[PDB]
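**Q** Going by the numbering used here, the first residue of the sequence shown is number 880, and it counts up by one from there.
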Amino acid sequence: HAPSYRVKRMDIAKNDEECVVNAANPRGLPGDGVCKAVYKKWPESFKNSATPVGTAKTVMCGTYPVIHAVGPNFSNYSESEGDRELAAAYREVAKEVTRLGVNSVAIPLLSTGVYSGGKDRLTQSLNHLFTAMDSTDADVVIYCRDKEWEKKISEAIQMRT
Ligand SMILES: Nc1ncnc2c1ncn2[C@@H]1O[C@H](COP(=O)(O)OP(=O)(O)OC[C@H]2O[C@@H](O)[C@H](O)[C@@H]2O)[C@@H](O)[C@H]1O
């Protein structure tokens, strides 16, 4: 089977993949953005989900893994230190996806919403996603909500091959 990258413009909570990545806070609390949708569907996935910035923590909901990935808040982190934490968060996602042995994963662009510090970070977040997930053989489906972002993510995927 050929491992694939795809992008879907829809609610990541309605994914049809074998596991989901939450854009989490380090305290395992409900939030806005992706975390709002993840908490609405899998609130029991927030049992002991608290984990440091630049890490991922998996909570099983029956047979369904919820991977809580904590991107840096660029309001609090410098561009330099934030870039390292964003790399690290996606690397821990890659490790969790590998460990779980899943065939697919639904993933959002970490630190591009509530944690963006008001900057457009599509290219930054997507490049870190690729850097981490390129060595995995899971089918990766990137979820977004903006039409312009969907075309930009789609173009970025197609342009590599
Ligand atoms: N339900 C959704 N489905 C798909 N994409 C979504 C959804 N909600 C938001 N997005 C988009 O996914 C990206 C991730 O944004 P956030 O969820 O805000 O993530 P992040 O920037 O990492 O901020 C994390 C913080 O947000 C709080 O919700 C959460 O508790 C955490 O502290 C953004 O481009 C955003 O527009």
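Don't be surprised by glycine CBs; every beta carbon is placed ideally from N, CA and C.
(1) Look up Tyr1022 in the DSSP assignment and say whether it is helix, strand or coil.
(2) Give me the residue from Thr1002, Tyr994, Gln1003, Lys887 with the minimum Cα distance to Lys1026.
(3) For the beta strand (DSSP E) that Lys887 lies in, which residues bound it at each end?
(4) Using the beta-carbon count (16 or more within 10 Å), is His880 buried or exposed?
(5) Cα separation between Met889 and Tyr1022?
(6) Just checking my contact of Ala968 with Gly950 at CB under 8 angstroms: how many whole Å lie between their CB atoms?
(7) From which residue to which residue does the beta strand (DSSP E) around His947 run?
(8) Within the same chain, show all residues whose beta-carbon is closer than 6 angstroms to that of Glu896, passing over the 5 residues directly before and after it, in chain order.
(9) Would you say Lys915 touches ligand 1, meaning its beta carbon is less than 8 angstroms from a heavy atom?
(10) Quick check on the DSSP output: what are the complete beta strand (DSSP E) runs of length 3 or more inside the stretch 928-994, in order along the chain?
(11) Quick one: Cα of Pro944 to Cα of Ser995, how far?
(12) Looking at the secondary structure, which residues open and close the beta strand (DSSP E) in which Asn901 lies?
(13) Do the CB positions of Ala1017 and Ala948 come within less than 9 angstroms of each other?
(14) Could you check which residue in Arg885, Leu965, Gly912, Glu923 has the C-alpha nearest to that of residue 1045?
(15) Following a CB-centred definition, is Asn904 positioned closer than 8 angstroms to any heavy atom of ligand 1?
(16) If I'm right that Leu1005 touches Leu988 with Cβ under 8 angstroms, what's the distance once you round it to whole angstroms?
**A** Per the coordinate set shown:
(1) Strand.
(2) Comparing Cα-Cα distances from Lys1026 to each of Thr1002, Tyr994, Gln1003, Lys887, the minimum goes to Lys887.
(3) Start and end: 884-888.
(4) With fewer than 16 other Cβ atoms within 10 Å, it is exposed.
(5) Rounded to the nearest angstrom, the two C-alpha atoms are 6 angstroms apart.
(6) Yes, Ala968 and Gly950 are in contact; Cβ-Cβ is about 5 angstroms, under 8 angstroms.
(7) Counting along the chain, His947 sits inside the beta strand (DSSP E) bounded by residues 943-948.
(8) Annotation for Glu896: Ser983, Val984, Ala985, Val1020 place their beta carbon closer than 6 angstroms to its own, counting only its chain and skipping 5 residues before and after.
(9) Yes, Cβ of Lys915 sits closer than 8 angstroms to a heavy atom of ligand 1.
(10) Runs found: 935-940, 943-948, 983-986.
(11) Rounded to whole angstroms, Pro944 to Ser995 spans 26 angstroms at the Cα level.
(12) It spans 899-902 - the beta strand (DSSP E) in which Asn901 sits, taken as one unbroken run.
(13) Taking a C-beta distance under 9 angstroms as the contact criterion, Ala1017 and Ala948 do not qualify as a contact pair.
(14) Residue 1045 lies beyond the range of the chain shown here (880 to 1040); nothing can be said about it.
(15) Distances from the CB of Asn904 to the heavy atoms of ligand 1 include at least one below 8 angstroms.
(16) Sure, about 6 angstroms apart at Cβ, within 8 angstroms.
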